[PDB]
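Below you'll find only one chain, the form deposited in one PDB entry, shown as structure tokens.
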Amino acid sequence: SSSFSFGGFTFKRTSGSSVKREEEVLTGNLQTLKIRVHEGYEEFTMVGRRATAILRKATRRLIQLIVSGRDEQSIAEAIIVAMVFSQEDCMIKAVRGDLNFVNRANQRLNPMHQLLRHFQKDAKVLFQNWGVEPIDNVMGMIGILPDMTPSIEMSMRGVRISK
């Protein structure tokens, strides 16, 4: 039906539904945010000049993120955007400080953009609370660790690398 841009990446759905839903979450700084949650399985591609990815997800959970990029750091940039987009609660909980990002008109960025801006600042807490898991490298799936170390043994939950 159509694309969009978020976090410096063009998104493009390739399966799943666009119904809305409101939910209140609580950050790790005890601030309340009101977010628009897509309930159901949806699948997107993500494209930016130094990385591209496939993102599969369901309700407030990332199923799978396969990413390719020029290197570890361009790959990390794809990962942070997908984690924020996932909307998972370990993501919401990784927030420190109040989020009050604004445009040049002193209007609030929307809640999703509040999260994105926070984690673009720095994703260390995000990555450390996300969860790691074993990988099968007999299937060619490369892993990446919370510190950006590539590994053939583990990876941050749901994340795999392919270039």
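The first residue of the shown sequence is 1; numbering continues from there. Heads up, when I say rigid core I mean the largest set of C-alphas that superpose within 1.5 Å between the two forms. Only residues modelled in both forms are compared.
Missing here is the form deposited in another entry; even so, the following discussion is about that form.
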| property | result |
| --- | --- |
| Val138: Cα shift of 2 Å or greater between this form and the one not shown (core-aligned) | yes |
| Threshold 2 Å Cα movement between this form and the one not shown for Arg108, core superposed | yes |
| Per-residue C-alpha change between this form and the one not shown, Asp98, threshold 2 Å, rigid core fit | yes |
| Closer or farther in the other entry, the Cα atoms of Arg104 and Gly7, when the shift from this form is 3 Å or more | farther |
| Shift in CA distance, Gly7 and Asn103, in the other entry relative to the form shown here, given it is 3 Å or more | farther |
| Mobile segments between this form and the one not shown - rigid core superposition, Cα shift of 2 Å or more, 3+ residues | 97 to 109, 138 to 141 |
